[PDB]
Structure formats: C-alpha cells, structure tokens
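For reference, work.txt is printed below; it contains compact mmCIF, N, CA and C atoms.
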# COMPACT_ATOMS: atom_id res chain seq x y z
N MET A 1 -103.89 -26.67 -25.67
CA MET A 1 -104.63 -25.67 -26.42
C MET A 1 -104.20 -24.26 -26.04
N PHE A 2 -104.84 -23.26 -26.64
CA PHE A 2 -104.47 -21.86 -26.43
C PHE A 2 -105.66 -21.00 -26.01
N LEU A 3 -105.61 -20.43 -24.80
CA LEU A 3 -106.70 -19.56 -24.35
C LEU A 3 -106.51 -18.10 -24.71
N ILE A 4 -105.29 -17.71 -25.04
CA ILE A 4 -104.97 -16.28 -25.07
C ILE A 4 -103.81 -15.90 -25.99
N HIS A 5 -103.71 -14.61 -26.29
CA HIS A 5 -102.60 -14.06 -27.04
C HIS A 5 -102.01 -12.84 -26.34
N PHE A 6 -100.70 -12.86 -26.09
CA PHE A 6 -100.07 -11.83 -25.27
C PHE A 6 -98.75 -11.26 -25.82
N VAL A 7 -98.34 -10.13 -25.23
CA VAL A 7 -97.33 -9.24 -25.81
C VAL A 7 -95.88 -9.38 -25.31
N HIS A 8 -95.59 -10.37 -24.46
CA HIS A 8 -94.20 -10.68 -24.08
C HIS A 8 -93.41 -9.58 -23.38
N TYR A 9 -93.71 -9.33 -22.11
CA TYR A 9 -92.93 -8.36 -21.33
C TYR A 9 -91.57 -8.91 -20.91
N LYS A 10 -90.61 -8.00 -20.72
CA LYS A 10 -89.26 -8.37 -20.30
C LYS A 10 -88.67 -7.25 -19.44
N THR A 11 -87.90 -7.59 -18.41
CA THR A 11 -87.12 -6.57 -17.69
C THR A 11 -85.65 -6.64 -18.15
N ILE A 12 -85.24 -5.67 -18.97
CA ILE A 12 -83.91 -5.68 -19.58
C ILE A 12 -82.94 -4.77 -18.81
N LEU A 13 -83.43 -4.21 -17.71
CA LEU A 13 -82.70 -3.19 -16.97
C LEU A 13 -81.30 -3.64 -16.53
N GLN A 14 -80.31 -2.84 -16.91
CA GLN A 14 -78.89 -3.16 -16.77
C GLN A 14 -78.31 -2.71 -15.43
N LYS A 15 -79.16 -2.28 -14.50
CA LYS A 15 -78.79 -1.28 -13.49
C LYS A 15 -77.43 -1.46 -12.81
N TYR A 16 -76.92 -2.68 -12.77
CA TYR A 16 -75.56 -2.88 -12.27
C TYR A 16 -74.53 -2.86 -13.40
N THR A 17 -73.39 -2.21 -13.16
CA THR A 17 -72.34 -2.14 -14.18
C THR A 17 -70.99 -2.67 -13.67
N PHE A 18 -70.53 -3.78 -14.26
CA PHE A 18 -69.23 -4.36 -13.92
C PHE A 18 -68.32 -4.43 -15.14
N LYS A 19 -67.27 -3.63 -15.10
CA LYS A 19 -66.20 -3.73 -16.07
C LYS A 19 -64.97 -4.26 -15.37
N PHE A 20 -64.24 -5.17 -16.00
CA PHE A 20 -62.99 -5.63 -15.43
C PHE A 20 -61.88 -5.49 -16.46
N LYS A 21 -60.91 -4.63 -16.16
CA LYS A 21 -59.82 -4.36 -17.09
C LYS A 21 -59.14 -5.65 -17.51
N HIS A 22 -58.87 -5.79 -18.81
CA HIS A 22 -58.10 -6.93 -19.28
C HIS A 22 -56.67 -6.84 -18.73
N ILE A 23 -55.99 -7.98 -18.65
CA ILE A 23 -54.69 -8.08 -18.01
C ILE A 23 -53.64 -7.13 -18.59
N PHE A 24 -53.81 -6.72 -19.84
CA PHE A 24 -52.76 -5.96 -20.54
C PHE A 24 -52.85 -4.44 -20.36
N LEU A 25 -53.74 -3.97 -19.50
CA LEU A 25 -53.69 -2.57 -19.10
C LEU A 25 -52.53 -2.31 -18.12
N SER A 26 -52.22 -3.29 -17.28
CA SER A 26 -51.18 -3.14 -16.26
C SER A 26 -49.81 -3.70 -16.65
N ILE A 27 -49.67 -4.21 -17.88
CA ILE A 27 -48.39 -4.80 -18.30
C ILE A 27 -47.33 -3.71 -18.45
N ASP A 28 -46.06 -4.10 -18.32
CA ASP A 28 -44.97 -3.14 -18.27
C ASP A 28 -44.52 -2.60 -19.62
N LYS A 29 -43.96 -1.39 -19.59
CA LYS A 29 -43.29 -0.82 -20.75
C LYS A 29 -41.96 -0.22 -20.33
N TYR A 30 -41.18 0.24 -21.29
CA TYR A 30 -39.93 0.89 -20.97
C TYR A 30 -40.08 2.39 -21.16
N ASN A 31 -39.98 3.14 -20.07
CA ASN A 31 -40.06 4.59 -20.15
C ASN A 31 -38.70 5.18 -19.88
N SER A 32 -38.47 6.35 -20.43
CA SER A 32 -37.16 6.93 -20.33
C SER A 32 -37.21 8.40 -19.99
N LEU A 33 -36.11 8.92 -19.47
CA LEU A 33 -35.98 10.36 -19.31
C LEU A 33 -35.49 10.96 -20.62
N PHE A 34 -36.02 12.12 -20.99
CA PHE A 34 -35.64 12.68 -22.27
C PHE A 34 -35.17 14.12 -22.17
N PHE A 35 -33.88 14.32 -22.45
CA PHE A 35 -33.27 15.65 -22.45
C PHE A 35 -32.80 15.93 -23.87
N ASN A 36 -32.56 17.20 -24.19
CA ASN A 36 -31.94 17.52 -25.47
C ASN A 36 -30.46 17.13 -25.49
N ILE A 37 -30.05 16.33 -26.47
CA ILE A 37 -28.67 15.83 -26.52
C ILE A 37 -27.70 16.88 -27.02
N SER A 38 -26.74 17.27 -26.19
CA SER A 38 -25.81 18.31 -26.61
C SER A 38 -24.66 17.76 -27.45
N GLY A 39 -24.23 16.53 -27.19
CA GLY A 39 -23.14 15.98 -27.98
C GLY A 39 -22.95 14.49 -27.86
N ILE A 40 -22.16 13.89 -28.74
CA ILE A 40 -21.95 12.44 -28.68
C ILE A 40 -20.55 12.01 -29.04
N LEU A 41 -19.93 11.18 -28.21
CA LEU A 41 -18.67 10.57 -28.58
C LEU A 41 -18.89 9.08 -28.79
N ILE A 42 -18.52 8.56 -29.96
CA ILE A 42 -18.57 7.12 -30.20
C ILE A 42 -17.20 6.58 -30.46
N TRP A 43 -16.90 5.43 -29.88
CA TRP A 43 -15.62 4.82 -30.12
C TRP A 43 -15.80 3.31 -30.22
N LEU A 44 -15.40 2.73 -31.34
CA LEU A 44 -15.18 1.29 -31.39
C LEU A 44 -13.83 0.97 -32.02
N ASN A 45 -13.73 1.10 -33.34
CA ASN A 45 -12.43 1.11 -33.98
C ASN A 45 -11.81 2.50 -33.98
N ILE A 46 -12.64 3.48 -34.34
CA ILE A 46 -12.17 4.84 -34.53
C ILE A 46 -13.10 5.85 -33.88
N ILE A 47 -12.52 6.71 -33.06
CA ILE A 47 -13.28 7.64 -32.24
C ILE A 47 -13.84 8.79 -33.09
N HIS A 48 -15.15 8.98 -32.99
CA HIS A 48 -15.86 10.00 -33.73
C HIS A 48 -16.75 10.83 -32.81
N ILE A 49 -16.56 12.15 -32.85
CA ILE A 49 -17.27 13.09 -31.98
C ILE A 49 -18.24 14.00 -32.74
N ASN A 50 -19.52 13.89 -32.46
CA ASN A 50 -20.48 14.87 -32.93
C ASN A 50 -20.72 15.90 -31.85
N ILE A 51 -20.93 17.15 -32.25
CA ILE A 51 -21.35 18.20 -31.32
C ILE A 51 -22.54 18.98 -31.84
N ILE A 52 -23.70 18.78 -31.22
CA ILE A 52 -24.90 19.47 -31.67
C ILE A 52 -24.98 20.89 -31.14
N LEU A 53 -24.82 21.02 -29.83
CA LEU A 53 -25.00 22.31 -29.16
C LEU A 53 -23.93 22.49 -28.10
N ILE A 54 -23.15 23.56 -28.21
CA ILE A 54 -22.02 23.76 -27.30
C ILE A 54 -22.42 24.54 -26.07
N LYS A 55 -22.42 23.86 -24.94
CA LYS A 55 -22.74 24.49 -23.67
C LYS A 55 -22.01 23.75 -22.57
N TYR A 56 -21.91 24.37 -21.41
CA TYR A 56 -21.41 23.64 -20.26
C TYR A 56 -22.40 22.51 -19.99
N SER A 57 -21.89 21.28 -19.99
CA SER A 57 -22.73 20.10 -19.87
C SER A 57 -22.99 19.78 -18.41
N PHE A 58 -24.25 19.63 -18.05
CA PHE A 58 -24.58 19.40 -16.65
C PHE A 58 -24.61 17.92 -16.30
N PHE A 59 -24.57 17.07 -17.32
CA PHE A 59 -24.80 15.64 -17.14
C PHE A 59 -24.09 14.80 -18.20
N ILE A 60 -23.55 13.65 -17.83
CA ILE A 60 -22.89 12.80 -18.83
C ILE A 60 -23.13 11.29 -18.67
N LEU A 61 -23.55 10.63 -19.75
CA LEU A 61 -23.77 9.18 -19.74
C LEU A 61 -22.69 8.40 -20.42
N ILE A 62 -22.40 7.23 -19.88
CA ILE A 62 -21.46 6.32 -20.51
C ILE A 62 -22.06 4.94 -20.66
N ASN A 63 -21.89 4.35 -21.84
CA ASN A 63 -22.52 3.09 -22.18
C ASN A 63 -21.54 2.21 -22.95
N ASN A 64 -21.29 1.01 -22.45
CA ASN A 64 -20.24 0.17 -23.04
C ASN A 64 -20.66 -0.95 -23.98
N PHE A 65 -21.95 -1.12 -24.19
CA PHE A 65 -22.51 -2.41 -24.63
C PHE A 65 -21.89 -3.05 -25.86
N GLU A 66 -21.74 -2.31 -26.94
CA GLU A 66 -20.96 -2.80 -28.07
C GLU A 66 -19.88 -1.80 -28.37
N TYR A 67 -20.33 -0.70 -28.93
CA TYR A 67 -19.50 0.47 -29.11
C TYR A 67 -19.51 1.27 -27.82
N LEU A 68 -18.35 1.78 -27.41
CA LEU A 68 -18.32 2.72 -26.31
C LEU A 68 -18.99 4.02 -26.74
N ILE A 69 -19.95 4.51 -25.97
CA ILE A 69 -20.57 5.78 -26.29
C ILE A 69 -20.68 6.66 -25.05
N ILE A 70 -20.40 7.94 -25.24
CA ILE A 70 -20.57 8.96 -24.22
C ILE A 70 -21.59 9.99 -24.70
N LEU A 71 -22.74 10.04 -24.05
CA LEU A 71 -23.77 10.98 -24.45
C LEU A 71 -23.69 12.18 -23.54
N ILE A 72 -23.31 13.32 -24.11
CA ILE A 72 -22.97 14.54 -23.36
C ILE A 72 -24.14 15.53 -23.27
N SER A 73 -24.47 15.87 -22.02
CA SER A 73 -25.65 16.65 -21.63
C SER A 73 -26.91 16.00 -22.16
N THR A 74 -26.88 14.67 -22.21
CA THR A 74 -27.90 13.86 -22.84
C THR A 74 -29.31 14.21 -22.38
N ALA B 1 1.99 -12.54 -44.61
CA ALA B 1 2.36 -11.42 -43.75
C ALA B 1 1.45 -11.33 -42.51
N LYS B 2 0.53 -12.30 -42.38
CA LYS B 2 -0.43 -12.37 -41.28
C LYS B 2 -1.30 -11.11 -41.19
N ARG B 3 -1.93 -10.75 -42.31
CA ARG B 3 -2.81 -9.58 -42.37
C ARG B 3 -4.06 -9.77 -41.53
N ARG B 4 -4.35 -8.77 -40.70
CA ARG B 4 -5.48 -8.82 -39.79
C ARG B 4 -6.84 -8.89 -40.51
N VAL B 5 -7.67 -9.87 -40.16
CA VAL B 5 -8.99 -10.04 -40.79
C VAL B 5 -10.13 -9.56 -39.90
N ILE B 6 -10.73 -8.43 -40.28
CA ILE B 6 -11.80 -7.84 -39.50
C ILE B 6 -13.14 -8.22 -40.06
N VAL B 7 -14.01 -8.76 -39.22
CA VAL B 7 -15.36 -9.13 -39.64
C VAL B 7 -16.30 -7.93 -39.59
N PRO B 8 -16.98 -7.64 -40.70
CA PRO B 8 -17.93 -6.53 -40.74
C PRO B 8 -19.14 -6.75 -39.83
N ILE B 9 -19.60 -5.66 -39.21
CA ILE B 9 -20.73 -5.65 -38.30
C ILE B 9 -21.94 -5.00 -38.95
N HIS B 10 -23.08 -5.68 -38.88
CA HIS B 10 -24.33 -5.18 -39.44
C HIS B 10 -25.14 -4.40 -38.42
N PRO B 11 -25.94 -3.42 -38.89
CA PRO B 11 -26.76 -2.60 -38.00
C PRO B 11 -27.63 -3.44 -37.06
N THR B 12 -27.88 -2.89 -35.88
CA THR B 12 -28.42 -3.61 -34.73
C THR B 12 -29.44 -2.67 -34.10
N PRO B 13 -30.41 -3.20 -33.32
CA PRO B 13 -31.32 -2.29 -32.62
C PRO B 13 -30.63 -1.13 -31.89
N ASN B 14 -29.51 -1.38 -31.19
CA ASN B 14 -28.73 -0.31 -30.55
C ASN B 14 -27.50 0.16 -31.32
N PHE B 15 -27.27 -0.40 -32.50
CA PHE B 15 -26.11 -0.03 -33.28
C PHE B 15 -26.53 0.30 -34.70
N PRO B 16 -27.05 1.51 -34.91
CA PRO B 16 -27.59 1.99 -36.20
C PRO B 16 -26.52 2.15 -37.29
N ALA B 17 -26.96 2.30 -38.54
CA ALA B 17 -26.08 2.29 -39.70
C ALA B 17 -24.97 3.34 -39.68
N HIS B 18 -25.35 4.61 -39.57
CA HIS B 18 -24.39 5.71 -39.59
C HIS B 18 -23.40 5.60 -38.42
N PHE B 19 -23.89 5.13 -37.28
CA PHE B 19 -23.02 4.81 -36.14
C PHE B 19 -21.93 3.83 -36.54
N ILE B 20 -22.32 2.78 -37.25
CA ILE B 20 -21.37 1.77 -37.69
C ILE B 20 -20.32 2.38 -38.59
N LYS B 21 -20.74 3.06 -39.66
CA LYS B 21 -19.73 3.52 -40.61
C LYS B 21 -18.84 4.61 -40.00
N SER B 22 -19.35 5.33 -39.00
CA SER B 22 -18.57 6.38 -38.34
C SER B 22 -17.60 5.88 -37.25
N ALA B 23 -18.06 4.89 -36.48
CA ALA B 23 -17.31 4.38 -35.33
C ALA B 23 -16.52 3.09 -35.59
N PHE B 24 -16.65 2.53 -36.78
CA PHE B 24 -16.06 1.23 -37.09
C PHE B 24 -15.52 1.18 -38.51
N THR B 25 -14.29 0.73 -38.67
CA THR B 25 -13.71 0.64 -40.00
C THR B 25 -13.04 -0.72 -40.16
N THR B 26 -13.32 -1.37 -41.29
CA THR B 26 -12.87 -2.75 -41.51
C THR B 26 -11.46 -2.81 -42.11
N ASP B 27 -10.91 -1.66 -42.48
CA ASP B 27 -9.56 -1.62 -43.05
C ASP B 27 -8.53 -1.33 -41.96
N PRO B 28 -7.79 -2.36 -41.52
CA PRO B 28 -6.97 -2.02 -40.35
C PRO B 28 -5.60 -1.47 -40.70
N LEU B 29 -5.53 -0.56 -41.67
CA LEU B 29 -4.42 0.38 -41.72
C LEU B 29 -4.93 1.74 -41.26
N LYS B 30 -6.25 1.83 -41.08
CA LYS B 30 -6.90 3.07 -40.66
C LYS B 30 -7.25 3.12 -39.18
N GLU B 31 -6.87 2.09 -38.43
CA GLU B 31 -7.02 2.14 -36.98
C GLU B 31 -6.05 3.15 -36.38
N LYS B 32 -6.40 3.64 -35.19
CA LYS B 32 -5.51 4.46 -34.36
C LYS B 32 -5.07 5.77 -35.02
N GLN B 33 -5.82 6.23 -36.01
CA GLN B 33 -5.51 7.50 -36.68
C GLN B 33 -5.58 8.73 -35.75
N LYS B 34 -6.80 9.09 -35.34
CA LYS B 34 -7.08 10.35 -34.65
C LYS B 34 -8.58 10.45 -34.42
N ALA B 35 -9.02 11.55 -33.81
CA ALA B 35 -10.46 11.77 -33.65
C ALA B 35 -11.06 12.65 -34.75
N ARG B 36 -12.28 12.32 -35.17
CA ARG B 36 -12.99 13.08 -36.19
C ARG B 36 -14.12 13.91 -35.58
N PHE B 37 -14.45 15.04 -36.19
CA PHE B 37 -15.48 15.94 -35.65
C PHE B 37 -16.65 16.19 -36.61
N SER B 38 -17.83 16.38 -36.05
CA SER B 38 -19.06 16.54 -36.81
C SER B 38 -19.93 17.60 -36.14
N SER B 39 -21.02 18.00 -36.78
CA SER B 39 -21.93 18.92 -36.12
C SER B 39 -23.39 18.60 -36.40
N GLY B 40 -24.23 18.89 -35.41
CA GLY B 40 -25.67 18.81 -35.54
C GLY B 40 -26.22 20.22 -35.56
N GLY B 41 -27.49 20.39 -35.20
CA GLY B 41 -28.23 21.57 -35.60
C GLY B 41 -27.60 22.93 -35.39
N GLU B 42 -27.23 23.28 -34.16
CA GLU B 42 -26.78 24.65 -33.95
C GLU B 42 -25.33 24.88 -34.33
N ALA B 43 -24.46 23.94 -33.98
CA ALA B 43 -23.05 24.07 -34.36
C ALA B 43 -22.91 24.00 -35.88
N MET B 44 -23.79 23.24 -36.53
CA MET B 44 -23.81 23.19 -38.00
C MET B 44 -24.35 24.51 -38.59
N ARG B 45 -25.39 25.07 -37.98
CA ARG B 45 -25.93 26.35 -38.46
C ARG B 45 -24.93 27.48 -38.31
N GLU B 46 -24.10 27.41 -37.28
CA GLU B 46 -22.98 28.35 -37.13
C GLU B 46 -21.90 28.13 -38.18
N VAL B 47 -21.42 26.90 -38.26
CA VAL B 47 -20.28 26.59 -39.11
C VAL B 47 -20.57 26.83 -40.58
N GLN B 48 -21.64 26.21 -41.06
CA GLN B 48 -21.93 26.22 -42.48
C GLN B 48 -22.28 27.61 -43.01

Take the structure from the file and write it as structure tokens.
Amino acid sequence: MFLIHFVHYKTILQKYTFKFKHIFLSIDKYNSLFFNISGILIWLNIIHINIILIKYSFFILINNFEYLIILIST
Amino acid sequence: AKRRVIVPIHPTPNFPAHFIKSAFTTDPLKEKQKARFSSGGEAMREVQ
C-alpha cells in the first residue's frame, strides 16, 4: 500500500572533473621548415631553371627521388 | 633503326604536372639540348 506522496530528491553534483584526451591528440604529423624559395633547378630529361628572386643564396637543398631537384635559398 | 621508346610519366604527389612537362620530354631527339630559364615573382616583374 501507499502511506505518502513525495518529491524525489537527487544529488546531481558533478564536483569531480575527469577528462581524458583521446589517443589522436598525440598522434604524429609532418612539420617542415618554411623559407621563401629564391630559385629552382629541375633535371630529369632536360634541365630547367626557374629564378624567382635573385640574391646571394644562404642555403641549398638537393633531392634525388625521381627528378633531380635543387631548391636554392629554399 | 632501333628508335628509343620513352614511357610517359604521370603527375605524382611529389612530381606535379608543370614539373613533368618542364623537366621531362618524351621525344628523344630533344634530349641533351641545353638549359632553359624561367622567372617567378620579382625576376618576372623586372623582366616583363
């Protein structure tokens, strides 16, 4: 049987907070250094030279992977 | 006459279109010619 009617109290207090970052916050990416490219030499069958900006070049990259490329003051 | 047969190369993540047509030629009477020159922003703004 039923003796009474009542209002249903609850303690909903969240007072502790636990967040755990998902695994993909720490996953790797590829980052690069970025300079203004002063010029480019490409060679595979036929050598072709672009020149964007003419200055004494402080730095030079060489990359052989398919086409030979030289990135000047890259 | 044993004519040289060159297989064409398609653009690639590291080998873009304009790179291909500039650095590679499938007609092998045009090999070993010479070097070609181009310009980007400032050298082009001067030249043109």

Excluding same-chain residues fewer than 3 positions from range 54-71 of chain A, what lies within 6.5 Å of it counting only N, CA and C atoms, as a PyMOL selection string? (chain A and resi 38-44+51+74) or (chain B and resi 43)

Output as a ChimeraX atom specification all residues of chain B that backbone DSSP marks as strand (DSSP E). /B:36-39

Determine, using only C-alpha atoms, which residues of chain B have any atom at most 6 Å from an atom of chain A, and tabulate each with its shortest atom pair and distance in Å to one decimal place, rows ordered by chain and then rising number, as a Markdown table.
| residue | atom | partner | partner_atom | distance |
| --- | --- | --- | --- | --- |
| B:23 | CA | A:46 | CA | 5.2 |
| B:24 | CA | A:45 | CA | 4.8 |
| B:35 | CA | A:47 | CA | 5.2 |
| B:36 | CA | A:48 | CA | 4.9 |
| B:37 | CA | A:49 | CA | 5.0 |
| B:38 | CA | A:50 | CA | 4.5 |
| B:39 | CA | A:51 | CA | 4.9 |
| B:40 | CA | A:52 | CA | 4.0 |
| B:41 | CA | A:52 | CA | 5.6 |
| B:42 | CA | A:53 | CA | 5.6 |
| B:43 | CA | A:52 | CA | 5.6 |

Between atom C of residue 72 in chain A and atom C of residue 32 in chain B, what is the spacing in Å?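 These two atoms are separated by 24.4 Å.
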
Using DSSP assignments from the backbone, pull out every residue in chain B that falls under helix (DSSP H, G or I) and give it to me as a list in words.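 Here is the list: residues 17, 18, 19, 20, 21, 22, 23, 41, 42, 43, 44, 45, 46 and 47 of chain B.
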
When you look at range 5-14 of chain B with a cut-off of 8 Å (counting only C-alpha atoms), what residues show up, excluding the ones that are within fewer than 4 positions of it in the same chain? I need them as an MDAnalysis selection string. chainID B and resid 20 26:28

From atom C of residue 36 in chain A to atom C of residue 73 in chain A the spacing works out at 5.0 Å

Suppose you want the space between atom N of residue 1 in chain B and atom C of residue 29 in chain B; what is it in Å?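 Interatomic distance here is 16.2 Å.
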
Test item: axis-aligned box, all listed atoms of range 63-70 of chain A, 4 Å on each side, centre and edges in Å rounded to one decimal, as AutoDock Vina command-line options:
--center_x -20.4 --center_y 3.5 --center_z -25.5 --size_x 12.2 --size_y 21.0 --size_z 15.3

Would you fill the gaps in range 16-28 of chain B so it has N, CA, C and O atoms, then print it as a PDB file, keeping the file's coordinate frame?
ATOM      1  N   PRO B  16     -27.050   1.510 -34.910  1.00  0.00           N
ATOM      2  CA  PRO B  16     -27.590   1.990 -36.200  1.00  0.00           C
ATOM      3  C   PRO B  16     -26.520   2.150 -37.290  1.00  0.00           C
ATOM      4  O   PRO B  16     -25.329   2.137 -36.990  1.00  0.00           O
ATOM      5  N   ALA B  17     -26.960   2.300 -38.540  1.00  0.00           N
ATOM      6  CA  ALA B  17     -26.080   2.290 -39.700  1.00  0.00           C
ATOM      7  C   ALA B  17     -24.970   3.340 -39.680  1.00  0.00           C
ATOM      8  O   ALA B  17     -23.766   2.998 -39.761  1.00  0.00           O
ATOM      9  N   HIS B  18     -25.350   4.610 -39.570  1.00  0.00           N
ATOM     10  CA  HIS B  18     -24.390   5.710 -39.590  1.00  0.00           C
ATOM     11  C   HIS B  18     -23.400   5.600 -38.420  1.00  0.00           C
ATOM     12  O   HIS B  18     -22.210   5.928 -38.570  1.00  0.00           O
ATOM     13  N   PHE B  19     -23.890   5.130 -37.280  1.00  0.00           N
ATOM     14  CA  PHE B  19     -23.020   4.810 -36.140  1.00  0.00           C
ATOM     15  C   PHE B  19     -21.930   3.830 -36.540  1.00  0.00           C
ATOM     16  O   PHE B  19     -20.764   4.013 -36.192  1.00  0.00           O
ATOM     17  N   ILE B  20     -22.320   2.780 -37.250  1.00  0.00           N
ATOM     18  CA  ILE B  20     -21.370   1.770 -37.690  1.00  0.00           C
ATOM     19  C   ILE B  20     -20.320   2.380 -38.590  1.00  0.00           C
ATOM     20  O   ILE B  20     -19.132   2.255 -38.319  1.00  0.00           O
ATOM     21  N   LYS B  21     -20.740   3.060 -39.660  1.00  0.00           N
ATOM     22  CA  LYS B  21     -19.730   3.520 -40.610  1.00  0.00           C
ATOM     23  C   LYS B  21     -18.840   4.610 -40.000  1.00  0.00           C
ATOM     24  O   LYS B  21     -17.695   4.788 -40.427  1.00  0.00           O
ATOM     25  N   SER B  22     -19.350   5.330 -39.000  1.00  0.00           N
ATOM     26  CA  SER B  22     -18.570   6.380 -38.340  1.00  0.00           C
ATOM     27  C   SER B  22     -17.600   5.880 -37.250  1.00  0.00           C
ATOM     28  O   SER B  22     -16.499   6.403 -37.102  1.00  0.00           O
ATOM     29  N   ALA B  23     -18.060   4.890 -36.480  1.00  0.00           N
ATOM     30  CA  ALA B  23     -17.310   4.380 -35.330  1.00  0.00           C
ATOM     31  C   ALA B  23     -16.520   3.090 -35.590  1.00  0.00           C
ATOM     32  O   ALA B  23     -15.809   2.610 -34.703  1.00  0.00           O
ATOM     33  N   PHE B  24     -16.650   2.530 -36.780  1.00  0.00           N
ATOM     34  CA  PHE B  24     -16.060   1.230 -37.090  1.00  0.00           C
ATOM     35  C   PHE B  24     -15.520   1.180 -38.510  1.00  0.00           C
ATOM     36  O   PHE B  24     -16.225   1.546 -39.456  1.00  0.00           O
ATOM     37  N   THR B  25     -14.290   0.730 -38.670  1.00  0.00           N
ATOM     38  CA  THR B  25     -13.710   0.640 -40.000  1.00  0.00           C
ATOM     39  C   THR B  25     -13.040  -0.720 -40.160  1.00  0.00           C
ATOM     40  O   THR B  25     -12.308  -1.174 -39.284  1.00  0.00           O
ATOM     41  N   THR B  26     -13.320  -1.370 -41.290  1.00  0.00           N
ATOM     42  CA  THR B  26     -12.870  -2.750 -41.510  1.00  0.00           C
ATOM     43  C   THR B  26     -11.460  -2.810 -42.110  1.00  0.00           C
ATOM     44  O   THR B  26     -10.884  -3.896 -42.221  1.00  0.00           O
ATOM     45  N   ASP B  27     -10.910  -1.660 -42.480  1.00  0.00           N
ATOM     46  CA  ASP B  27      -9.560  -1.620 -43.050  1.00  0.00           C
ATOM     47  C   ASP B  27      -8.530  -1.330 -41.960  1.00  0.00           C
ATOM     48  O   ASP B  27      -8.396  -0.181 -41.541  1.00  0.00           O
ATOM     49  N   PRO B  28      -7.790  -2.360 -41.520  1.00  0.00           N
ATOM     50  CA  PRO B  28      -6.970  -2.020 -40.350  1.00  0.00           C
ATOM     51  C   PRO B  28      -5.600  -1.470 -40.700  1.00  0.00           C
ATOM     52  O   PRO B  28      -4.613  -1.883 -40.095  1.00  0.00           O
TER      53      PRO B  28
END
